[PDB]
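Raw contents of upload_19.cif, mmCIF, C-alpha atoms and all ligand atoms:
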```cif
data_upload
#
loop_
_atom_site.group_PDB
_atom_site.id
_atom_site.type_symbol
_atom_site.label_atom_id
_atom_site.label_comp_id
_atom_site.auth_asym_id
_atom_site.auth_seq_id
_atom_site.Cartn_x
_atom_site.Cartn_y
_atom_site.Cartn_z
ATOM 1 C CA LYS A 3 71.692 173.578 63.249
ATOM 2 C CA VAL A 4 74.067 174.130 60.317
ATOM 3 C CA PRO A 5 73.048 171.871 57.401
ATOM 4 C CA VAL A 6 75.606 169.193 56.517
ATOM 5 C CA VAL A 7 75.536 168.536 52.785
ATOM 6 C CA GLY A 8 77.374 165.868 50.823
ATOM 7 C CA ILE A 9 78.320 166.955 47.317
ATOM 8 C CA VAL A 10 79.628 164.545 44.699
ATOM 9 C CA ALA A 11 79.706 163.710 40.994
ATOM 10 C CA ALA A 12 78.956 160.057 40.229
ATOM 11 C CA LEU A 13 78.738 157.961 37.058
ATOM 12 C CA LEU A 14 75.647 155.756 36.822
ATOM 13 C CA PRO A 15 74.715 153.069 37.353
ATOM 14 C CA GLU A 16 77.409 151.918 39.818
ATOM 15 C CA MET A 17 78.069 155.514 40.911
ATOM 16 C CA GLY A 18 81.822 155.555 40.307
ATOM 17 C CA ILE A 19 83.568 158.720 41.464
ATOM 18 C CA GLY A 20 87.326 158.197 41.192
ATOM 19 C CA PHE A 21 90.148 156.212 39.615
ATOM 20 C CA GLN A 22 93.786 155.994 40.707
ATOM 21 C CA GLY A 23 93.572 159.096 42.919
ATOM 22 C CA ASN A 24 91.830 161.303 40.349
ATOM 23 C CA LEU A 25 88.484 161.911 38.659
ATOM 24 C CA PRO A 26 87.547 159.553 35.792
ATOM 25 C CA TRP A 27 86.470 162.619 33.809
ATOM 26 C CA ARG A 28 87.130 166.317 33.254
ATOM 27 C CA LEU A 29 83.956 168.385 32.985
ATOM 28 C CA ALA A 30 84.357 172.168 33.236
ATOM 29 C CA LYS A 31 80.634 172.831 33.689
ATOM 30 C CA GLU A 32 80.368 170.283 36.487
ATOM 31 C CA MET A 33 83.423 171.833 38.152
ATOM 32 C CA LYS A 34 81.835 175.287 37.856
ATOM 33 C CA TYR A 35 78.594 174.035 39.430
ATOM 34 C CA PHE A 36 80.639 172.635 42.317
ATOM 35 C CA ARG A 37 82.669 175.828 42.732
ATOM 36 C CA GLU A 38 79.588 178.064 42.732
ATOM 37 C CA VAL A 39 77.481 175.847 45.013
ATOM 38 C CA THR A 40 80.152 175.470 47.709
ATOM 39 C CA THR A 41 81.288 179.101 47.436
ATOM 40 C CA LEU A 42 78.069 181.107 47.170
ATOM 41 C CA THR A 43 75.921 181.804 50.239
ATOM 42 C CA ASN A 44 72.548 183.483 50.740
ATOM 43 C CA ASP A 45 74.151 185.559 53.505
ATOM 44 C CA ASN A 46 77.146 187.644 52.368
ATOM 45 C CA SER A 47 78.624 187.758 55.880
ATOM 46 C CA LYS A 48 78.954 183.970 55.975
ATOM 47 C CA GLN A 49 81.147 181.429 54.207
ATOM 48 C CA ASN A 50 80.673 177.719 53.586
ATOM 49 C CA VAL A 51 82.944 174.983 54.929
ATOM 50 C CA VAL A 52 84.492 172.278 52.744
ATOM 51 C CA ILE A 53 85.641 169.105 54.503
ATOM 52 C CA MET A 54 87.704 166.487 52.662
ATOM 53 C CA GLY A 55 89.918 163.448 53.233
ATOM 54 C CA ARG A 56 93.688 163.799 52.851
ATOM 55 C CA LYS A 57 93.895 161.920 49.550
ATOM 56 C CA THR A 58 91.246 164.175 48.017
ATOM 57 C CA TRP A 59 93.211 167.207 49.211
ATOM 58 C CA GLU A 60 96.370 165.886 47.542
ATOM 59 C CA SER A 61 94.479 165.414 44.266
ATOM 60 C CA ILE A 62 93.786 169.145 43.995
ATOM 61 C CA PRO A 63 96.354 171.088 41.955
ATOM 62 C CA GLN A 64 98.556 173.005 44.399
ATOM 63 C CA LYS A 65 97.594 176.190 42.554
ATOM 64 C CA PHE A 66 93.868 175.771 43.245
ATOM 65 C CA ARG A 67 94.127 174.910 46.965
ATOM 66 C CA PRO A 68 92.938 175.766 49.403
ATOM 67 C CA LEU A 69 89.592 176.395 47.701
ATOM 68 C CA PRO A 70 89.123 180.204 47.842
ATOM 69 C CA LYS A 71 86.354 181.901 49.857
ATOM 70 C CA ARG A 72 85.569 178.646 51.659
ATOM 71 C CA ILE A 73 86.939 177.333 54.939
ATOM 72 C CA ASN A 74 88.989 174.249 54.052
ATOM 73 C CA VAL A 75 89.255 171.314 56.438
ATOM 74 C CA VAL A 76 91.491 168.321 55.744
ATOM 75 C CA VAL A 77 91.070 165.194 57.872
ATOM 76 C CA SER A 78 93.848 162.690 58.573
ATOM 77 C CA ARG A 79 94.195 160.000 61.247
ATOM 78 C CA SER A 80 97.683 161.350 61.956
ATOM 79 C CA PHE A 81 96.709 164.984 62.605
ATOM 80 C CA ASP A 82 97.010 166.483 66.085
ATOM 81 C CA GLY A 83 93.565 167.665 67.206
ATOM 82 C CA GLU A 84 89.878 167.718 66.297
ATOM 83 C CA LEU A 85 90.146 171.132 64.633
ATOM 84 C CA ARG A 86 93.151 173.436 64.386
ATOM 85 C CA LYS A 87 94.161 176.231 62.028
ATOM 86 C CA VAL A 88 97.455 175.337 60.331
ATOM 87 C CA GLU A 89 97.395 177.889 57.502
ATOM 88 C CA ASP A 90 95.284 180.761 56.199
ATOM 89 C CA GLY A 91 92.108 179.019 55.049
ATOM 90 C CA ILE A 92 93.286 175.555 56.095
ATOM 91 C CA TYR A 93 92.175 173.621 59.176
ATOM 92 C CA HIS A 94 93.463 170.185 60.134
ATOM 93 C CA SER A 95 91.451 167.477 61.895
ATOM 94 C CA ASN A 96 92.127 163.905 62.989
ATOM 95 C CA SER A 97 88.411 163.058 63.144
ATOM 96 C CA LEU A 98 85.573 163.694 60.687
ATOM 97 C CA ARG A 99 82.892 163.255 63.368
ATOM 98 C CA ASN A 100 84.575 165.432 66.015
ATOM 99 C CA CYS A 101 85.511 167.982 63.380
ATOM 100 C CA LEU A 102 81.787 168.382 62.648
ATOM 101 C CA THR A 103 80.745 168.753 66.286
ATOM 102 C CA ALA A 104 83.452 171.404 66.588
ATOM 103 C CA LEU A 105 82.153 173.303 63.553
ATOM 104 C CA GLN A 106 78.555 173.258 64.827
ATOM 105 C CA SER A 107 79.510 175.104 68.027
ATOM 106 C CA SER A 108 77.917 178.551 67.696
ATOM 107 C CA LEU A 109 80.438 179.949 70.180
ATOM 108 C CA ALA A 110 83.297 178.917 67.899
ATOM 109 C CA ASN A 111 81.641 179.651 64.544
ATOM 110 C CA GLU A 112 79.730 182.770 65.644
ATOM 111 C CA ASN A 113 76.906 181.656 63.349
ATOM 112 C CA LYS A 114 79.247 182.846 60.596
ATOM 113 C CA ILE A 115 78.911 179.548 58.707
ATOM 114 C CA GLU A 116 75.936 178.804 56.440
ATOM 115 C CA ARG A 117 76.548 175.253 55.185
ATOM 116 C CA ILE A 118 79.069 172.459 55.706
ATOM 117 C CA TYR A 119 79.979 170.674 52.475
ATOM 118 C CA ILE A 120 81.607 167.255 52.538
ATOM 119 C CA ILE A 121 83.437 167.473 49.222
ATOM 120 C CA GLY A 122 84.448 163.868 49.147
ATOM 121 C CA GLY A 123 86.868 161.056 49.279
ATOM 122 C CA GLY A 124 85.358 157.605 48.837
ATOM 123 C CA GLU A 125 86.395 156.776 52.381
ATOM 124 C CA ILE A 126 84.910 160.066 53.644
ATOM 125 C CA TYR A 127 81.604 159.788 51.735
ATOM 126 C CA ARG A 128 81.305 156.251 53.123
ATOM 127 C CA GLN A 129 81.331 157.727 56.643
ATOM 128 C CA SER A 130 79.065 160.667 55.806
ATOM 129 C CA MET A 131 75.887 158.665 55.195
ATOM 130 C CA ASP A 132 74.770 159.045 58.817
ATOM 131 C CA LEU A 133 76.237 162.532 59.085
ATOM 132 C CA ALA A 134 74.814 164.423 56.102
ATOM 133 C CA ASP A 135 71.355 166.016 56.035
ATOM 134 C CA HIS A 136 71.252 166.166 52.235
ATOM 135 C CA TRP A 137 73.217 164.986 49.209
ATOM 136 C CA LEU A 138 74.043 167.038 46.134
ATOM 137 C CA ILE A 139 74.734 164.270 43.640
ATOM 138 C CA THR A 140 75.555 164.962 40.006
ATOM 139 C CA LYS A 141 74.401 161.799 38.236
ATOM 140 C CA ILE A 142 76.554 161.248 35.158
ATOM 141 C CA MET A 143 75.780 159.064 32.141
ATOM 142 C CA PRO A 144 77.964 158.303 29.120
ATOM 143 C CA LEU A 145 76.234 159.166 25.846
ATOM 144 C CA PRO A 146 75.498 156.198 23.515
ATOM 145 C CA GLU A 147 78.912 156.238 21.784
ATOM 146 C CA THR A 148 80.951 157.311 24.819
ATOM 147 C CA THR A 149 83.399 154.893 26.432
ATOM 148 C CA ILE A 150 82.614 154.130 30.077
ATOM 149 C CA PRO A 151 85.727 155.254 31.968
ATOM 150 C CA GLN A 152 87.614 152.939 34.316
ATOM 151 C CA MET A 153 86.916 153.603 38.013
ATOM 152 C CA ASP A 154 88.078 152.208 41.370
ATOM 153 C CA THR A 155 86.096 154.269 43.895
ATOM 154 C CA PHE A 156 82.323 154.303 44.375
ATOM 155 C CA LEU A 157 79.553 155.949 46.392
ATOM 156 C CA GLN A 158 77.471 153.765 48.732
ATOM 157 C CA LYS A 159 74.335 153.678 46.570
ATOM 158 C CA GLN A 160 72.598 151.135 48.803
ATOM 159 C CA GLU A 161 73.140 153.274 51.915
ATOM 160 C CA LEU A 162 72.080 156.397 50.034
ATOM 161 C CA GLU A 163 68.680 155.102 48.888
ATOM 162 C CA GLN A 164 68.137 153.481 52.277
ATOM 163 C CA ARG A 165 68.449 156.760 54.199
ATOM 164 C CA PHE A 166 67.624 159.352 51.532
ATOM 165 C CA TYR A 167 64.991 159.984 48.862
ATOM 166 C CA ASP A 168 65.265 161.818 45.537
ATOM 167 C CA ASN A 169 64.191 165.363 46.432
ATOM 168 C CA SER A 170 65.214 166.893 43.099
ATOM 169 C CA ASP A 171 61.871 168.710 42.797
ATOM 170 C CA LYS A 172 63.374 171.030 45.411
ATOM 171 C CA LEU A 173 66.868 171.466 43.960
ATOM 172 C CA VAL A 174 66.444 175.015 42.631
ATOM 173 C CA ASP A 175 64.956 176.277 45.898
ATOM 174 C CA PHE A 176 67.701 174.479 47.824
ATOM 175 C CA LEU A 177 70.608 176.135 46.012
ATOM 176 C CA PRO A 178 71.856 179.633 46.895
ATOM 177 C CA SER A 179 69.635 182.101 45.027
ATOM 178 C CA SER A 180 72.587 183.628 43.144
ATOM 179 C CA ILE A 181 73.110 180.445 41.116
ATOM 180 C CA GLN A 182 71.477 180.097 37.707
ATOM 181 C CA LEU A 183 71.302 176.905 35.669
ATOM 182 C CA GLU A 184 70.767 176.310 31.956
ATOM 183 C CA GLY A 185 68.363 173.359 31.901
ATOM 184 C CA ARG A 186 64.978 172.810 33.518
ATOM 185 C CA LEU A 187 63.737 170.048 35.826
ATOM 186 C CA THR A 188 63.703 166.906 33.677
ATOM 187 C CA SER A 189 62.773 163.299 34.454
ATOM 188 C CA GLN A 190 64.009 160.396 32.314
ATOM 189 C CA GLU A 191 64.822 156.686 32.390
ATOM 190 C CA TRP A 192 68.339 155.314 32.024
ATOM 191 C CA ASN A 193 69.330 151.658 32.385
ATOM 192 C CA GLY A 194 66.163 150.924 34.362
ATOM 193 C CA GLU A 195 66.429 153.668 36.983
ATOM 194 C CA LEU A 196 64.648 157.036 37.097
ATOM 195 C CA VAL A 197 66.964 160.035 36.733
ATOM 196 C CA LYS A 198 65.585 163.421 37.762
ATOM 197 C CA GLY A 199 67.274 166.822 38.009
ATOM 198 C CA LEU A 200 68.699 169.710 35.996
ATOM 199 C CA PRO A 201 70.218 168.302 32.799
ATOM 200 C CA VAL A 202 73.570 169.313 31.336
ATOM 201 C CA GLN A 203 75.648 168.003 28.446
ATOM 202 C CA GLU A 204 79.424 168.329 28.063
ATOM 203 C CA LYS A 205 81.858 166.294 25.973
ATOM 204 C CA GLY A 206 80.710 162.669 25.763
ATOM 205 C CA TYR A 207 78.607 162.889 28.915
ATOM 206 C CA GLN A 208 75.092 163.730 30.011
ATOM 207 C CA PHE A 209 74.692 164.651 33.672
ATOM 208 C CA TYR A 210 71.953 165.682 36.091
ATOM 209 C CA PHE A 211 72.224 167.899 39.146
ATOM 210 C CA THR A 212 70.112 166.187 41.808
ATOM 211 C CA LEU A 213 69.283 166.649 45.489
ATOM 212 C CA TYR A 214 68.770 163.865 48.030
ATOM 213 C CA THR A 215 67.126 164.498 51.401
ATOM 214 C CA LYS A 216 66.852 162.441 54.605
ATOM 215 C CA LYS A 217 63.837 160.118 54.634
ATOM 216 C CA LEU A 218 61.204 160.786 57.288
ATOM 217 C CA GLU A 219 62.068 159.226 60.651
ATOM 218 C CA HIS A 220 59.830 157.523 63.213
ATOM 219 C CA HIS A 221 59.806 158.850 66.778
ATOM 220 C CA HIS A 222 61.232 156.052 68.923
ATOM 221 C CA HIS A 223 62.996 157.980 71.692
ATOM 222 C CA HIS A 224 63.834 161.539 72.721
ATOM 223 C CA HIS A 225 66.327 162.032 75.541
ATOM 224 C CA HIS A 226 65.028 163.398 78.853
ATOM 225 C CA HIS A 227 66.918 164.323 82.027
HETATM 226 N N1 LIG A 301 83.528 162.600 41.998
HETATM 227 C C1 LIG A 301 83.609 163.350 43.094
HETATM 228 O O1 LIG A 301 82.609 164.279 43.425
HETATM 229 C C2 LIG A 301 84.813 163.212 43.978
HETATM 230 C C3 LIG A 301 85.706 162.177 43.755
HETATM 231 N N2 LIG A 301 86.790 162.010 44.564
HETATM 232 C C4 LIG A 301 87.708 160.892 44.283
HETATM 233 O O2 LIG A 301 87.859 160.041 45.401
HETATM 234 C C5 LIG A 301 89.174 159.504 45.433
HETATM 235 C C6 LIG A 301 89.783 159.738 46.810
HETATM 236 O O3 LIG A 301 89.014 159.067 47.784
HETATM 237 P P1 LIG A 301 89.716 158.022 48.783
HETATM 238 O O4 LIG A 301 90.810 157.347 48.050
HETATM 239 O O5 LIG A 301 88.662 157.217 49.443
HETATM 240 O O6 LIG A 301 90.382 158.996 49.874
HETATM 241 P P2 LIG A 301 89.748 160.154 50.793
HETATM 242 O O7 LIG A 301 89.716 161.456 50.088
HETATM 243 O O8 LIG A 301 88.405 159.750 51.254
HETATM 244 O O9 LIG A 301 90.751 160.211 52.038
HETATM 245 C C7 LIG A 301 91.012 159.072 52.826
HETATM 246 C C8 LIG A 301 91.945 159.539 53.927
HETATM 247 O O10 LIG A 301 91.283 160.487 54.748
HETATM 248 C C9 LIG A 301 91.661 160.314 56.105
HETATM 249 N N3 LIG A 301 90.484 159.897 56.884
HETATM 250 C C10 LIG A 301 89.542 158.976 56.501
HETATM 251 N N4 LIG A 301 88.606 158.891 57.471
HETATM 252 C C11 LIG A 301 88.924 159.761 58.455
HETATM 253 C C12 LIG A 301 88.304 160.080 59.657
HETATM 254 N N5 LIG A 301 87.178 159.469 60.017
HETATM 255 N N6 LIG A 301 88.867 161.031 60.479
HETATM 256 C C13 LIG A 301 90.041 161.656 60.109
HETATM 257 N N7 LIG A 301 90.645 161.337 58.909
HETATM 258 C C14 LIG A 301 90.097 160.403 58.095
HETATM 259 C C15 LIG A 301 92.724 159.229 56.114
HETATM 260 O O11 LIG A 301 93.936 159.914 55.900
HETATM 261 P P3 LIG A 301 95.330 159.447 56.544
HETATM 262 O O12 LIG A 301 95.842 158.270 55.742
HETATM 263 O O13 LIG A 301 96.315 160.591 56.465
HETATM 264 O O14 LIG A 301 95.122 159.059 57.986
HETATM 265 C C16 LIG A 301 92.427 158.442 54.858
HETATM 266 O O15 LIG A 301 93.604 157.846 54.357
HETATM 267 C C17 LIG A 301 89.974 160.210 44.350
HETATM 268 O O16 LIG A 301 90.101 159.327 43.258
HETATM 269 C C18 LIG A 301 89.102 161.376 43.934
HETATM 270 O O17 LIG A 301 89.211 161.619 42.549
HETATM 271 C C19 LIG A 301 87.004 162.849 45.625
HETATM 272 C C20 LIG A 301 86.127 163.902 45.868
HETATM 273 C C21 LIG A 301 85.028 164.092 45.034
HETATM 274 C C1 LIG A 302 91.234 167.381 40.496
HETATM 275 O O1 LIG A 302 91.206 168.805 40.600
HETATM 276 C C2 LIG A 302 90.207 169.232 41.433
HETATM 277 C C3 LIG A 302 89.509 168.324 42.235
HETATM 278 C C4 LIG A 302 88.483 168.766 43.071
HETATM 279 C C5 LIG A 302 87.717 167.778 43.979
HETATM 280 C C6 LIG A 302 88.287 166.366 43.839
HETATM 281 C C7 LIG A 302 87.835 168.251 45.431
HETATM 282 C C8 LIG A 302 86.296 167.759 43.617
HETATM 283 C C9 LIG A 302 85.101 167.706 43.358
HETATM 284 C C10 LIG A 302 83.695 167.660 43.086
HETATM 285 C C11 LIG A 302 83.226 167.905 41.804
HETATM 286 C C12 LIG A 302 84.201 168.238 40.675
HETATM 287 N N1 LIG A 302 81.908 167.856 41.564
HETATM 288 C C13 LIG A 302 81.040 167.571 42.549
HETATM 289 N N2 LIG A 302 79.739 167.535 42.279
HETATM 290 N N3 LIG A 302 81.471 167.329 43.800
HETATM 291 C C14 LIG A 302 82.779 167.362 44.090
HETATM 292 N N4 LIG A 302 83.190 167.112 45.332
HETATM 293 C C15 LIG A 302 88.187 170.126 43.128
HETATM 294 C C16 LIG A 302 88.889 171.037 42.343
HETATM 295 O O2 LIG A 302 88.594 172.367 42.422
HETATM 296 C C17 LIG A 302 87.201 172.586 42.157
HETATM 297 C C18 LIG A 302 89.897 170.589 41.486
HETATM 298 O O3 LIG A 302 90.614 171.475 40.725
HETATM 299 C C19 LIG A 302 89.774 172.183 39.804
#
```
In C-alpha cells, how does this file's structure come out?
Amino acid sequence: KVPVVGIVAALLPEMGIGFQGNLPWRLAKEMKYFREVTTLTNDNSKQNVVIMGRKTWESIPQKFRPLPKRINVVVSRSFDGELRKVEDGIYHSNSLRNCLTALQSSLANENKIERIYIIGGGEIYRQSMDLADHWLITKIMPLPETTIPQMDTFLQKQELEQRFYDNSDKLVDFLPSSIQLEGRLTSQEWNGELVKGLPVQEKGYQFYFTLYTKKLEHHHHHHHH
C-alpha cells in the first residue's frame, strides 16, 4: 500500500522536461524542493525510494549520486534481475513494473519505506502513468521577456489529464510536514490553461508546485476466488 508518486518539473504549455540528456534550465529552488520532498519522511525510521531510468542516472553529477538518504534504483533493459543491490544505496533493475512489485513486498521492505518516487526519464514517466497514484508536477512558465528554452523530451500531458485531476488544494497536506514553502496557494491563467499551486520565482522563470491525483474510478470488477 506504499504510495507511488511521480515527481517532475515541466515547462508549460507543452510540458517539456529535458533537452540533449539534461535539464533545459537550472533552478536551485526547484532542485531544493525536489531534494527535500524525496528525502524527508513523516516517519524518521523510514526512507523514500527514488526510481529512475539509466539515462537520467547518467545525467546526475557523479558527485551527487546516489542521492543521499534515499534508496536509489536504476532501471535498464540489460540489468540482471528485478531488484538487486549492486552498491551501497544503489539497486539495479531490468524492469520498472517488476521493480515496483518487489518494493511493495512488506516482507522485503519491512514497512521501512514511506513513499516511492519516480524521479523521471521521459521514457520512464511515459510508463508511469498507469503506475503512479499521484503526480508532483512543478509547472514552469517563462516570464514575459524570458526565452523559451529548446527541449526534446516531454511529459504525456494528454495521459496525465485523462487519468489525473489537479488536486493542488491538497498539496501542503500531502507533503511531509517538515517542509515549508514561501508562497501560498495561488490560482492564475496562463496561455489559456488554469495554473494552481504554490508559486515561486527564480531567474527568468515562474513556477508552481502542484499535485495531481488519480481520478475516481468506476467499479466494474473485483476479483473473486
Ligand atoms: N524535468 C524533470 O523533472 C526531469 C527531466 N529529466 C530529463 O529526461 C531526459 C532523460 O529521459 P530519457 O531520455 O527518456 O531517458 P530515461 O531516463 O527515461 O531512461 C531511459 C532508459 O531507461 C531504461 N528503461 C526504460 N524503460 C525501462 C523499463 N520498463 N524497465 C527497465 N529499464 C527501462 C532503458 O535503459 P537501457 O538502454 O540501459 O536498457 C532506457 O534506455 C533527460 O534529458 C533529463 O534531463 C529526467 C528526470 C527528471
Ligand atoms: C542534472 O543534475 C541533477 C539532476 C537530477 C534529476 C535529473 C534526477 C532530477 C530532477 C527533478 C527536479 C530537478 N525537479 C523535479 N520536480 N523533479 C525531478 N525529478 C537530480 C539532481 O540532484 C537533485 C541533480 O544534481 C543536482
Check which residues fall inside 8 Å of ligand LIG 301 (chain A) when counting only C-alpha atoms and all ligand atoms, and print them as a PyMOL selection string.
-> chain A and resi 9-12+18-26+54-59+61+76-81+95-99+121-127+129+139-140+154-155
What gap, in Å, lies between atom CA of residue A:112 and atom CA of residue A:226?
->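 That distance, rounded to one decimal, is 27.7 Å.
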Translate the PyMOL selection byres (((chain A and resi 207) around 7) and not hetatm), as applied to the file shown, into an explicit residue set as a PyMOL selection string.
-> chain A and resi 142-145+203-206+208-209
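Atom pair atom CA of residue A:32 / atom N2 of ligand LIG 302 (chain A) has a distance of 6.4 Å (rounded to one decimal).
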Could you work out how far atom CA of residue A:146 lies from atom CA of residue A:162, giving the answer in Å with one decimal?
->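 Between atom CA of residue A:162 and atom CA of residue A:146 the gap is 26.7 Å.
For residue A:181, the non-local neighbours within 8 Å, defined as residues at least 6 positions apart in the same chain or in other chains and counting all atoms listed in the file, are residues 38, 39 and 42 of chain A.
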Using the chain letters and numbering of this document, enumerate as a PyMOL selection string the residues selected by the PyMOL selection byres (((chain A and resi 89) around 12) and not hetatm).
-> chain A and resi 67-68+73-76+86-88+90-94
Using all atoms listed in the file, find the one residue out of A:50, A:182, A:64, A:148 that sits nearest to ligand LIG 302 (chain A).
->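 Smallest distance to ligand LIG 302 (chain A) is found for A:64.
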Would you compute the box with edges along x, y and z of the file around ligand LIG 302 (chain A), including every atom the file lists for it and 3 Å extra on each side, and give its centre and edge lengths in Å to one decimal, as JSON?
```
{"center_x": 85.5, "center_y": 169.5, "center_z": 42.6, "size_x": 17.5, "size_y": 12.2, "size_z": 11.6}
```
